[PDB]
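Engineer: My structure is below; once you've seen it, I'll send some questions.
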Amino acid sequence: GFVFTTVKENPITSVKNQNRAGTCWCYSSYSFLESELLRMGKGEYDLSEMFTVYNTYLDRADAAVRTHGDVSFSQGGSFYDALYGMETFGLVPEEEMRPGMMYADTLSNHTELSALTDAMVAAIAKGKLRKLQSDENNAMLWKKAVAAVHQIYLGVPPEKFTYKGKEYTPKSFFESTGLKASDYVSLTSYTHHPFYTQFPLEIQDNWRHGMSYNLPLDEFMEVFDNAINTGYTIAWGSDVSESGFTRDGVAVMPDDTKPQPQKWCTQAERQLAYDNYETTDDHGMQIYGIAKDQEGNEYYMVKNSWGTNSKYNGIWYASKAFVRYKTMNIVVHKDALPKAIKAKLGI
Amino acid sequence: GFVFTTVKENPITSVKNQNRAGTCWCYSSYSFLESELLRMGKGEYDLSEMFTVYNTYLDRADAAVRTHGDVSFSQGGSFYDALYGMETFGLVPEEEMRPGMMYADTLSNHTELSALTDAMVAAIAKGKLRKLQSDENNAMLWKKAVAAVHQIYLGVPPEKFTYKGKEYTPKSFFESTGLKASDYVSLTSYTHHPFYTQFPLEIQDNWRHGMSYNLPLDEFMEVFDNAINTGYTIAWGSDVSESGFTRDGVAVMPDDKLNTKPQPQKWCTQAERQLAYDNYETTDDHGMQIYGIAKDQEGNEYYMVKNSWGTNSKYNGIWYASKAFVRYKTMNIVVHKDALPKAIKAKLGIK
Amino acid sequence: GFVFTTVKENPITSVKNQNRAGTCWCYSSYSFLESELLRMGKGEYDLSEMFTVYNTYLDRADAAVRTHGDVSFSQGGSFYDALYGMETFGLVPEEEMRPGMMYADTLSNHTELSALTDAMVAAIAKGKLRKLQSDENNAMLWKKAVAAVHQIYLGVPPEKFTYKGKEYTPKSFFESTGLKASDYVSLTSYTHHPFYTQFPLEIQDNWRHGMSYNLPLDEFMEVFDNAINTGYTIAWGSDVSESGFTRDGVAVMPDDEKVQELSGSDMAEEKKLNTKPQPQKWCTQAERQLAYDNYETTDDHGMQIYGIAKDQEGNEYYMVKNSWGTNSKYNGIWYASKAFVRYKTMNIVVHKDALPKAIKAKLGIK
Amino acid sequence: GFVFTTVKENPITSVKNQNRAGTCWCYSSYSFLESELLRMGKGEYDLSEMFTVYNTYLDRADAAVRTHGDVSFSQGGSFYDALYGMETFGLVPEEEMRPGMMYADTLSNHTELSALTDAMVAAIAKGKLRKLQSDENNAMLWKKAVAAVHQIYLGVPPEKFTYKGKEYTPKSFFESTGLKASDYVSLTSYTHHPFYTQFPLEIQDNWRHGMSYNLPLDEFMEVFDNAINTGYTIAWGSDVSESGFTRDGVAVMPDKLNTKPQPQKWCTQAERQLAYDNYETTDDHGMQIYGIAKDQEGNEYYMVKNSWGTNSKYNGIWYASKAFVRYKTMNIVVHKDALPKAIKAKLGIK
Amino acid sequence: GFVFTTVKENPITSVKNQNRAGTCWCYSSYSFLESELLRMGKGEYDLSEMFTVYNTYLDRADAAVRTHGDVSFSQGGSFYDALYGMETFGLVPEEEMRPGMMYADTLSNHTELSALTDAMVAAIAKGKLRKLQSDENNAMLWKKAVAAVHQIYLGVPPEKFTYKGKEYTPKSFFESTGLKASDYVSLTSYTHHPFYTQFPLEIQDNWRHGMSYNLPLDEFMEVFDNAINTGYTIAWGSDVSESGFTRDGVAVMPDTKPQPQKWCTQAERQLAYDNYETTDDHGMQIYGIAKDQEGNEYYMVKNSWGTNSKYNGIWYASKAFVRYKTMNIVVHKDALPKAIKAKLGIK
Ligand SMILES: *CC(=O)[C@H](CC#C)NC(=O)CN
Ligand SMILES: *CC(=O)[C@H](CC#C)NC(=O)CN
Ligand SMILES: *CC(=O)[C@H](CC#C)NC(=O)CN
Ligand SMILES: *CC(=O)[C@H](CC#C)NC(=O)CN
Ligand SMILES: C#CC[C@H](NC(=O)CN)C(C)=O
Ligand SMILES: [K+]
Ligand SMILES: [K+]
Ligand SMILES: [K+]
Ligand SMILES: [K+]
Ligand SMILES: [K+]
Ligand SMILES: [K+]
Ligand SMILES: [K+]
Ligand SMILES: [K+]
Ligand SMILES: [K+]
Ligand SMILES: [K+]
């Protein structure tokens, strides 16, 4: 079996449960940002995923309709969706917009909401309508319909609320927190773009076309350990549809249940897996620590959003070889970058 | 050409325009009900079609979902939809729900509303969902979604309103009128059911399965003249997808300038009428109101028909349908009980 | 395990097998009608399901074509299909139309018949034909084709036949039995219609739009015990797509919270939910309505309830005669707990005289 | 009828014919780029549309495969496709890749090529393959197949060629011209983004997500006249699916609608925004505006060089009224120095 | 269990692996042709299946386009495809075109090649194009495209080559071997055609409409034993979608151990062909006769699925199974009994 020993770990919040929704991008983004609030001495927070998920879907439907169905309308998203959301829509506390509250449950189940909204967006974006209807204020009626259905299944967004003695608006609550999206950068490592440049990752959930800095694979992994050792956490978006990532919580990349010698990939081998569909933008998580196994092979400690009903109560151990091979992109505070890597990027 | 002379005509309301919506069933039903209110000395009314159209679509979506997509969800309907609707939902005046008010228009255009709601109902009724979501009051969430989208395109139903100095609810306003759906019967003439019995017409827009009394074809046409001659109007449902039905205001069934001048008409048998209904040649296309009788130069008889396509036609929205066309292409009719002849009424078991 | 002891059960016929066909509505209707003939002192009968199944599909194809595909064309049906069928088409004995006789079998297998007829009806009802062809007597040609294909797979309906020494027609044989469709009523229990009224159940196999009397749930279950205790059987249409409905011959509605409370384990095969008697979930009228509204209770299967039995622990069960053959634990007999029947029943059909007098007065039956 | 009198017009090249293909984006871009070369004193060029069209489709096929079918694979494109293409793939003259040369024709007909390549990309991008094959050098095999089919219908890209006495490569020939994509900016006018900012236009053919500067509608129209009056031409992307846009060579926005001068509908910023939101203004056609003309009644028109050949009333030249351009323009591309100095400060272009 | 004892067997080559492609028709055809060369004193050969598979698909695409999609375009084939192919395209040795050579493998995997070419052929044969493009020499452009894609996944056909000391062309290498397709006949046994006549089997992979001689079932089985006893091997095309066909290396027709087999009549064999119970599934080579422990007869069958099976890729098919599930066979003339051979008129 596996016996792990923590080398260094940073403060995180309680593990949440996305349940039946493709909202891992928002649950992991807020797990990362909540660790940022603890790190900045602002206390522990429980930010509402459903608030940003609601507003993001409204924007994605607009993107799908404007591109006549080119932008797919689905439950997925990115870390930039939350970074854009906090500046554009703001933030609200979890209690204001609770998951499943509208269908008498406590966890998310968006299968029926998707079934209706997918059909609605497709009827507009991929239909034969030649003129979309609007009211006397030039407001689109289909946007009202899509927003109304989303509110019935996710809830009504509050315009004002009281939280811990203070009355807030979604934007003033975001300013209350003091986070700012300008202080966070997205990082990747691929060869179909020049190094030390910015490009938007060609993945379906990046319909906002958020940019990422391109780093060499070895310098890319240097940011991982530097972020943990400096007191930072990592928003980790990676492929988890591999034989090495199991249910138990161990994500390894063995060289073909126990520690085995791992296969350390080249920059070209990593590129081919991204080129041949073997590495896809599947899951978003948070890396908050480093650990070792019995044989000394390294691991990153990962906080998932699948509840606490696992061997390590919702904490997974991803080997450094697995992270080097299957990572799609990461988001960390710019200050977590090493000074040399940070100068190379033109920050 | 045609030169018509009125034999008898009964009071009707102004001609309305259904426009870009399949709501002819409601506009003709309210044209019939408004003439009924005039007939009983209650005055002129302008009832809101969009109110009944809104509530009917909500029920039709429920029928489609309960039957897992068997009941088609479309814009059509029947006269019974309005008779059932006034007793269940009530009535509101036109000013409380106007057509097109929600998309900066004055007439209906339900193409975008249909495109959304059809996709919504299909995602539920014909999808792969095995358990539909509900709140803590056991209210279906999909019904809230379908109702919300309908309100965005058709308007919000009023719960109370002021009309001519008095505050009403849709239920209390219907009671003002004094009409009763029990006092109206649906009549048809086919042979795939026994005569003088009741059966629901097997047409898509009869998803409520409202029943109709079956009469022989000759006795069926007797109700037409008896209703008009005694002072009643007829809610008329007929197939208008024939070469004889023209945009010039006339609807003839000529025997072989077939549609421009009066010609000898083909008077169908009961079997010939049955075949056209069996072989798709007679379908539930259009709903109108028959309110009068007219003659041509050569003495052939016509029914004066009030359409719902506006007034931009040869006779300002009025069609002249020959009795031969009406005998052949009528799907069903709805009249007050007292418009039937006493002998025919006794055969059907009415009181 | 389960140990059942009969409290009261009424005479039934042998258990039949529908096999590979969605004809449970007819087999259960005839299990009910055969029990009615035994109760009325008419003897044992073996009514031909394939005769009624043939004629019902012809009417269902006509409904699909007339409604331009709105009425779905499938193998299902209702109890009213048999009640309407015996008055319209009549009855013939089993030996005159046996299942599988046309493809060298003894049991039904209508997969190929459905594959052809579904495509035929759809080509007419959902096609782009604007005028269907007819002969010089105004008879529809597509109806001849659909009937011809049905006869090739099900057999030719007899116009005359000899049964036990006498020559019959399907109509005259039905009159011999002395049954009358007027003596049977359909009952249901839902809230989307007023109680003590009649409405047609909004289910696909009710394309004939037969009516059912609406009763409160407690009064609805009163007809079950009163019919069995007075000597009548019940045509039972119910949902069987539940975890409690097992292939072992039991149909239960266990309360998961209580079973896990009585379990030694916390809330976080071995649960034994359906293998032994457990505390049942006694649904409310609203809980029953929600399951019908949210697709959790659907018109799946038609069976016959003919008796009442209790287990070792005294819980009540309805004895159910299925149409899946006798290769089961109780040889084709199921024990359905009253909680399951109260929760998952779509509708039932019983003789009028099986109703309590008070329930009969509230509905207006004479 | 119409009788137009020119006010000012700038040098253009001969009118070409895109024919069957939906390559208007490349033909109009090269009409614009050829006018830029004349303006900068480099002479006339006849740039190969098929060379850039070939390389653009391979990039679009890769984008469709990477996004699992989200990026649509079709014949369309944008002006940025040519600006990116000349810097990435370079430029070759028309004689090195001619239209229709591979199927014994002289004009483009890409209906069969699209039928094959659309099915190929869809089988990869939207199929059920879970691992795409590659050779020993990690080169994707499907990319070889898509490129091979494109070469069979469009021609083989030259690796070296001789033009006017000197041997060139596609990269070296582009450097000879002296063009730079940095000297060209994309401009639009919409309100769903802040003014004087950059955003990618949400149209299918902008799959590269090229940015455009957002200007108020009145300042947007100021760039049109300033560019023409100072000697520049405009790459004009606009909606042509209107009743006012006729095949006779006129494009009007009437309030005999398109046969005589009539009062025009002067759209607001909101009216222009609504048409873009409700599908009434779509990225349909790319053309080049190179001059200004008169009505009999003094109304203003932009002289437009189309890419539909010369078999029209004005031999492939359109007159677009200033009201039509104000209402139906999606975006334009001009040299930076065609912008007024004040507008350049608001956008921050140096 | 089973214990088999060989009665008589003929020389064969090693078992090969088709791996992941429907090229069993060519691998078995060349197993038959290689055994044909051994009996004729010509030595051992390894003919390239990928060469014939490449050219056969080019002809099948032309057949699909000419019949506007009626002829299906798939990976399957027949024994006549190889007999026609060797006379039309010739023969090349294996190492000049190897499976997987183009995608860094050693065995075939044509799933991606099929996904592309199927879509290409369908776009032409079943599309709405009303005039297909051609060059100046009247050569079809779509044929160039389909051929180019096939070469990218299967390899470039050699036009000249050196083998064993001499330079050959596909003409000349086929002539070197000395085989002639006229010396090979296809045989079947059905009643929907008159006996002792020729008809093309109504199966999808017989799109070339190659003919087969129709024999009564008992005389059909006489050719099996006569071929083995006289020194010939049999190209065996048969249905393998039965419960009796196991991955353990035996093919029985029971009425793991020897059991009494069911002896089908001519009508029972015909019904299975009429009601889809016997379909053209697999092509193999019969090269011998064997007994089990209990003395009932078996045919020794050489498969093309590699050698990781209980009998190292070789199956034992009972004579009752072959009598029931055989679609057609190909043998040399002289493998036929003399009495049957006059009835068919072959001289
Ligand atoms: C006349 C109309 O609008 C409507 C359209 C349909 C279907 N027709 C009917 O409802 C007739 N049943
Ligand atoms: C039980 C059965 O055979 C049939 C299957 C189908 C469809 N179900 C019904 O008829 C439901 N009453
Ligand atoms: C104008 C043209 O050919 C093309 C249409 C297609 C495909 N349009 C564009 O490329 C710009 N939208
Ligand atoms: C045996 C095989 O691979 C192939 C199936 C496919 C595809 N079968 C044939 O080629 C002849 N039936
Ligand atoms: C829908 C869906 C899958 C989904 N993936 C993403 O959102 C992309 N990171 C998820 C977190 O479950
Ligand atoms: K949270
Ligand atoms: K993967
Ligand atoms: K009205
Ligand atoms: K008609
Ligand atoms: K029976
Ligand atoms: K169920
Ligand atoms: K050019
Ligand atoms: K337009
Ligand atoms: K070989
Ligand atoms: K088989």
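Simple scheme: letters A, B, ... for chains in structure tokens order, numbers from 1 for residues in each chain, numbers from 1 for ligands in the order shown.
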At a cut-off of 7 Å around ligand 15, and using only C-alpha atoms and all ligand atoms, what residues come up? Please write them as a ChimeraX atom specification.
Structural biologist: /E:239-242,276-279
Engineer: Could the residues in this selection be written to a file with N, CA, C and O atoms, as a compact mmCIF listing (two decimals), in the first residue's frame?
Structural biologist:
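So part.txt came out as:
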# COMPACT_ATOMS: atom_id res chain seq x y z
N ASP E 239 -18.76 -18.45 -41.01
CA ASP E 239 -19.33 -17.71 -39.90
C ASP E 239 -18.68 -18.15 -38.60
O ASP E 239 -18.56 -19.35 -38.33
N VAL E 240 -18.23 -17.18 -37.80
CA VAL E 240 -17.64 -17.45 -36.50
C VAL E 240 -18.40 -16.78 -35.36
O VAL E 240 -17.93 -16.77 -34.22
N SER E 241 -19.57 -16.21 -35.65
CA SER E 241 -20.38 -15.55 -34.62
C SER E 241 -21.36 -16.54 -34.00
O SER E 241 -22.58 -16.37 -34.02
N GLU E 242 -20.80 -17.62 -33.44
CA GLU E 242 -21.59 -18.64 -32.78
C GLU E 242 -21.02 -18.91 -31.39
O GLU E 242 -19.85 -18.62 -31.11
N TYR E 276 -30.06 -14.68 -41.30
CA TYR E 276 -28.92 -13.92 -40.76
C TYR E 276 -28.11 -14.70 -39.74
O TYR E 276 -27.20 -14.12 -39.13
N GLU E 277 -28.40 -15.98 -39.51
CA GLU E 277 -27.64 -16.75 -38.53
C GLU E 277 -26.29 -17.21 -39.06
O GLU E 277 -25.41 -17.56 -38.26
N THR E 278 -26.10 -17.21 -40.38
CA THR E 278 -24.81 -17.50 -41.00
C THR E 278 -24.42 -16.31 -41.86
O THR E 278 -25.06 -16.05 -42.89
N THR E 279 -23.39 -15.58 -41.45
CA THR E 279 -22.93 -14.40 -42.17
C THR E 279 -21.44 -14.55 -42.47
O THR E 279 -20.72 -15.30 -41.81
Engineer: Would you name the residues within 7 Å of ligand 5, counting only C-alpha atoms and all ligand atoms, and put them as a PyMOL selection string?
Structural biologist: chain A and resi 21-25+74-78+205+237+281-284
Engineer: Write to file, as a PDB file, in the first residue's frame, the residues of the selection just made, with C-alpha atoms.
Structural biologist:
ATOM      1  CA  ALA A  21     -22.517  19.235 -11.919  1.00  0.00           C
ATOM      2  CA  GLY A  22     -19.588  20.057 -14.163  1.00  0.00           C
ATOM      3  CA  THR A  23     -18.746  22.884 -11.763  1.00  0.00           C
ATOM      4  CA  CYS A  24     -15.302  21.624 -10.710  1.00  0.00           C
ATOM      5  CA  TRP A  25     -13.783  24.736 -12.294  1.00  0.00           C
ATOM      6  CA  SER A  74     -21.993  23.127 -21.375  1.00  0.00           C
ATOM      7  CA  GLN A  75     -21.345  23.013 -17.635  1.00  0.00           C
ATOM      8  CA  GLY A  76     -17.555  23.320 -17.862  1.00  0.00           C
ATOM      9  CA  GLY A  77     -15.375  26.335 -17.283  1.00  0.00           C
ATOM     10  CA  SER A  78     -11.924  27.608 -16.407  1.00  0.00           C
ATOM     11  CA  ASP A 205     -13.936  25.605 -21.726  1.00  0.00           C
ATOM     12  CA  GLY A 237      -6.359  22.079 -14.031  1.00  0.00           C
ATOM     13  CA  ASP A 281      -8.899  19.669 -19.917  1.00  0.00           C
ATOM     14  CA  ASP A 282     -10.834  17.319 -17.625  1.00  0.00           C
ATOM     15  CA  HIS A 283     -10.698  18.399 -13.983  1.00  0.00           C
ATOM     16  CA  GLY A 284      -9.796  21.409 -11.872  1.00  0.00           C
TER      17      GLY A 284
END
Engineer: Please identify all protein, DNA and RNA residues within 9 Å of ligand 10, counting only C-alpha atoms and all ligand atoms, and report them as a list in words.
Structural biologist: residues 14, 15, 16, 17, 26, 27, 30, 31, 34, 45, 46, 47, 48, 49, 50, 93, 94 and 98 of chain C
Engineer: Segment 62-105 of chain C: which residues are alpha helix (DSSP H) by DSSP, as a ChimeraX atom specification?
Structural biologist: /C:62-66,79-88
Engineer: Could you build a table of the residues in chain D lying no more than 8 Å from chain A, giving for each the nearest pair of atoms and their separation in Å rounded to one decimal place, using only C-alpha atoms, ordered by chain and ascending residue number, as CSV?
Structural biologist:
residue,atom,partner,partner_atom,distance
D:63,CA,A:202,CA,7.1
D:66,CA,A:202,CA,5.9
D:67,CA,A:203,CA,5.1
D:68,CA,A:204,CA,7.4
D:70,CA,A:70,CA,5.0
D:71,CA,A:70,CA,5.7
D:72,CA,A:70,CA,6.0
D:130,CA,A:277,CA,6.2
D:131,CA,A:276,CA,5.1
D:132,CA,A:276,CA,4.4
D:133,CA,A:276,CA,6.9
D:134,CA,A:276,CA,7.9
D:138,CA,A:272,CA,6.2
D:140,CA,A:276,CA,7.7
D:202,CA,A:67,CA,5.7
D:203,CA,A:67,CA,5.1
D:204,CA,A:67,CA,5.3
D:209,CA,A:209,CA,8.0
D:270,CA,A:138,CA,7.6
D:274,CA,A:138,CA,6.3
D:277,CA,A:66,CA,7.4
D:278,CA,A:132,CA,4.4
D:279,CA,A:131,CA,5.6
D:280,CA,A:131,CA,6.0
Engineer: With N, CA and C atoms retained, export the selected residues as an mmCIF file, in the first residue's frame.
Structural biologist:
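Writing done, so here's selection-v2.cif:
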data_model
loop_
_atom_site.group_PDB
_atom_site.id
_atom_site.type_symbol
_atom_site.label_atom_id
_atom_site.label_comp_id
_atom_site.auth_asym_id
_atom_site.auth_seq_id
_atom_site.Cartn_x
_atom_site.Cartn_y
_atom_site.Cartn_z
ATOM 1 N N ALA D 63 -7.429 24.025 -35.432
ATOM 2 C CA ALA D 63 -8.224 24.666 -34.389
ATOM 3 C C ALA D 63 -9.508 23.891 -34.124
ATOM 4 N N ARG D 66 -8.459 20.701 -32.203
ATOM 5 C CA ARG D 66 -8.047 20.984 -30.831
ATOM 6 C C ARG D 66 -9.241 21.323 -29.948
ATOM 7 N N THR D 67 -10.225 22.037 -30.489
ATOM 8 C CA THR D 67 -11.429 22.383 -29.746
ATOM 9 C C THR D 67 -12.538 21.349 -29.903
ATOM 10 N N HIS D 68 -12.225 20.168 -30.440
ATOM 11 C CA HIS D 68 -13.183 19.065 -30.558
ATOM 12 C C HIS D 68 -14.453 19.497 -31.290
ATOM 13 N N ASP D 70 -15.595 22.655 -31.716
ATOM 14 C CA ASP D 70 -16.170 23.941 -31.336
ATOM 15 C C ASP D 70 -15.897 24.995 -32.400
ATOM 16 N N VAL D 71 -14.635 25.142 -32.799
ATOM 17 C CA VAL D 71 -14.303 26.010 -33.922
ATOM 18 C C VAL D 71 -14.833 25.366 -35.196
ATOM 19 N N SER D 72 -15.764 26.043 -35.861
ATOM 20 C CA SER D 72 -16.328 25.507 -37.091
ATOM 21 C C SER D 72 -15.285 25.510 -38.199
ATOM 22 N N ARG D 130 -10.119 8.066 -29.579
ATOM 23 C CA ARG D 130 -9.604 8.499 -28.287
ATOM 24 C C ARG D 130 -8.092 8.707 -28.311
ATOM 25 N N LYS D 131 -7.414 8.356 -29.409
ATOM 26 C CA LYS D 131 -5.978 8.619 -29.547
ATOM 27 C C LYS D 131 -5.622 8.746 -31.023
ATOM 28 N N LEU D 132 -5.226 9.947 -31.453
ATOM 29 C CA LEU D 132 -4.878 10.176 -32.852
ATOM 30 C C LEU D 132 -3.466 9.675 -33.147
ATOM 31 N N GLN D 133 -3.295 9.065 -34.318
ATOM 32 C CA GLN D 133 -2.040 8.414 -34.666
ATOM 33 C C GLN D 133 -0.976 9.428 -35.072
ATOM 34 N N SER D 134 0.283 9.057 -34.837
ATOM 35 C CA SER D 134 1.419 9.907 -35.155
ATOM 36 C C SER D 134 2.595 9.029 -35.557
ATOM 37 N N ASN D 138 6.525 12.410 -34.038
ATOM 38 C CA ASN D 138 5.376 13.003 -33.359
ATOM 39 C C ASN D 138 4.545 13.886 -34.286
ATOM 40 N N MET D 140 1.376 14.461 -36.632
ATOM 41 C CA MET D 140 0.037 13.895 -36.686
ATOM 42 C C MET D 140 -0.274 13.412 -38.097
ATOM 43 N N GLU D 202 -17.209 38.598 -31.978
ATOM 44 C CA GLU D 202 -17.800 37.279 -31.749
ATOM 45 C C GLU D 202 -18.483 36.780 -33.023
ATOM 46 N N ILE D 203 -17.651 36.446 -34.006
ATOM 47 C CA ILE D 203 -18.103 35.907 -35.279
ATOM 48 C C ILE D 203 -17.326 34.631 -35.568
ATOM 49 N N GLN D 204 -17.945 33.742 -36.349
ATOM 50 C CA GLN D 204 -17.382 32.411 -36.560
ATOM 51 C C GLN D 204 -16.034 32.475 -37.266
ATOM 52 N N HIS D 209 -9.402 34.784 -33.086
ATOM 53 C CA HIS D 209 -9.662 35.744 -32.010
ATOM 54 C C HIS D 209 -8.775 36.982 -32.138
ATOM 55 N N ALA D 270 -27.528 52.538 -30.808
ATOM 56 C CA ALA D 270 -28.352 51.456 -30.280
ATOM 57 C C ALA D 270 -28.999 50.650 -31.400
ATOM 58 N N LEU D 274 -28.502 46.691 -31.936
ATOM 59 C CA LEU D 274 -29.587 45.715 -31.951
ATOM 60 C C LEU D 274 -29.466 44.771 -33.141
ATOM 61 N N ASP D 277 -27.051 42.167 -32.426
ATOM 62 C CA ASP D 277 -27.497 41.242 -31.391
ATOM 63 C C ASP D 277 -28.582 40.290 -31.883
ATOM 64 N N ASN D 278 -29.433 40.729 -32.812
ATOM 65 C CA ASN D 278 -30.596 39.955 -33.228
ATOM 66 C C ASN D 278 -30.391 39.238 -34.560
ATOM 67 N N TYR D 279 -29.139 39.072 -34.992
ATOM 68 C CA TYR D 279 -28.720 38.337 -36.193
ATOM 69 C C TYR D 279 -28.969 39.092 -37.494
ATOM 70 N N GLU D 280 -29.414 40.350 -37.448
ATOM 71 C CA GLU D 280 -29.649 41.087 -38.685
ATOM 72 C C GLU D 280 -28.376 41.646 -39.305
#
Engineer: Give the residues of chain D that lie within 8 Å of chain E; count only C-alpha atoms, and format the answer as a ChimeraX atom specification.
Structural biologist: /D:102-104,112,115-117,119-120,123-124,129,132-136,141,144-145,148-149,152-153
Engineer: Produce a table with one row for each residue of chain E that has an atom at most 9 Å from any atom of ligand 4, each row naming the nearest atom pair and its distance in Å at one decimal; use only C-alpha atoms and all ligand atoms; arrange rows by chain and rising residue number; format as JSON lines.
Structural biologist:
{"residue": "E:18", "atom": "CA", "partner": "ligand 4", "partner_atom_place_in_ligand_line": "3 (O)", "distance": 7.7}
{"residue": "E:20", "atom": "CA", "partner": "ligand 4", "partner_atom_place_in_ligand_line": "3 (O)", "distance": 8.4}
{"residue": "E:21", "atom": "CA", "partner": "ligand 4", "partner_atom_place_in_ligand_line": "3 (O)", "distance": 6.1}
{"residue": "E:22", "atom": "CA", "partner": "ligand 4", "partner_atom_place_in_ligand_line": "3 (O)", "distance": 3.0}
{"residue": "E:23", "atom": "CA", "partner": "ligand 4", "partner_atom_place_in_ligand_line": "3 (O)", "distance": 4.7}
{"residue": "E:24", "atom": "CA", "partner": "ligand 4", "partner_atom_place_in_ligand_line": "1 (C)", "distance": 4.1}
{"residue": "E:25", "atom": "CA", "partner": "ligand 4", "partner_atom_place_in_ligand_line": "10 (O)", "distance": 4.6}
{"residue": "E:26", "atom": "CA", "partner": "ligand 4", "partner_atom_place_in_ligand_line": "10 (O)", "distance": 7.8}
{"residue": "E:74", "atom": "CA", "partner": "ligand 4", "partner_atom_place_in_ligand_line": "7 (C)", "distance": 6.3}
{"residue": "E:75", "atom": "CA", "partner": "ligand 4", "partner_atom_place_in_ligand_line": "7 (C)", "distance": 4.5}
{"residue": "E:76", "atom": "CA", "partner": "ligand 4", "partner_atom_place_in_ligand_line": "10 (O)", "distance": 3.2}
{"residue": "E:77", "atom": "CA", "partner": "ligand 4", "partner_atom_place_in_ligand_line": "10 (O)", "distance": 4.2}
{"residue": "E:78", "atom": "CA", "partner": "ligand 4", "partner_atom_place_in_ligand_line": "11 (C)", "distance": 5.7}
{"residue": "E:79", "atom": "CA", "partner": "ligand 4", "partner_atom_place_in_ligand_line": "11 (C)", "distance": 8.5}
{"residue": "E:203", "atom": "CA", "partner": "ligand 4", "partner_atom_place_in_ligand_line": "12 (N)", "distance": 8.5}
{"residue": "E:204", "atom": "CA", "partner": "ligand 4", "partner_atom_place_in_ligand_line": "12 (N)", "distance": 8.3}
{"residue": "E:205", "atom": "CA", "partner": "ligand 4", "partner_atom_place_in_ligand_line": "11 (C)", "distance": 6.2}
{"residue": "E:206", "atom": "CA", "partner": "ligand 4", "partner_atom_place_in_ligand_line": "11 (C)", "distance": 8.8}
{"residue": "E:237", "atom": "CA", "partner": "ligand 4", "partner_atom_place_in_ligand_line": "12 (N)", "distance": 7.2}
{"residue": "E:238", "atom": "CA", "partner": "ligand 4", "partner_atom_place_in_ligand_line": "12 (N)", "distance": 7.8}
{"residue": "E:239", "atom": "CA", "partner": "ligand 4", "partner_atom_place_in_ligand_line": "12 (N)", "distance": 8.2}
{"residue": "E:279", "atom": "CA", "partner": "ligand 4", "partner_atom_place_in_ligand_line": "12 (N)", "distance": 7.7}
{"residue": "E:280", "atom": "CA", "partner": "ligand 4", "partner_atom_place_in_ligand_line": "12 (N)", "distance": 4.3}
{"residue": "E:281", "atom": "CA", "partner": "ligand 4", "partner_atom_place_in_ligand_line": "12 (N)", "distance": 4.0}
{"residue": "E:282", "atom": "CA", "partner": "ligand 4", "partner_atom_place_in_ligand_line": "1 (C)", "distance": 3.7}
{"residue": "E:283", "atom": "CA", "partner": "ligand 4", "partner_atom_place_in_ligand_line": "1 (C)", "distance": 5.5}
{"residue": "E:284", "atom": "CA", "partner": "ligand 4", "partner_atom_place_in_ligand_line": "1 (C)", "distance": 8.3}
{"residue": "E:304", "atom": "CA", "partner": "ligand 4", "partner_atom_place_in_ligand_line": "1 (C)", "distance": 8.9}
